[PDB]
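J.: I am attaching a structure below and will ask some questions about it afterwards.
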Amino acid sequence: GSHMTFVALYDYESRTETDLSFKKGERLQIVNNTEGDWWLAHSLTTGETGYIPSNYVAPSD
Ligand code: NI
C-alpha cells in the first residue's frame, strides 16, 4: 500500500486525457487496480498520473 512500485517495460504514448504517457524504466505507483487490463498509475519519475496498460509494467520486487 506504500511498499510496492512497478517498473515500465516499454514506452507508451497517450493521446487520451486520462491515459498516462511514460517511458520504459519509470517507477510507477499503482493507484487503482480494480480492472485487470488498465490500471490507474502515478509516475514517481515524472509526477504524471493516468491509466496504463497493465501488460506494460512489472513489479519492482
Ligand atoms: Ni505498499
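J.: To make sure I understand, if each residue's beta carbon is the centre and we count other beta carbons within 10 Å, what order do 17, 26, 35 fall in, fewest to most?
T.: The fewest-first ordering by Cβ neighbours comes to 17, 35, 26.
J.: Let's see if you can work this out: charge +1 on each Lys and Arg Cβ, -1 on each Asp and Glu Cβ, no other charges. What is the dipole magnitude of the chain about its Cα centre, in debye to the nearest 20?
T.: 180 debye
J.: Which of these, 18, 45, 34, has the largest mean-square fluctuation under a Gaussian network model of the chain (Cα springs below 10 Å)?
T.: For the chain, modelled as a Gaussian network with Cα springs under 10 Å, the answer is 34.
J.: Using Cα-Cα distances under 8 Å and only pairs 6 or more residues apart, what relative contact order does the chain have, in percent?
T.: In percent, rounded to a whole number, it is 36.
Values quoted throughout were computed directly from the atomic coordinates according to the rules given, and no laboratory measurement underlies them. FYI the Cβ positions are ideal-geometry reconstructions off the backbone, even for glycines, and counts take in every protein chain you see.
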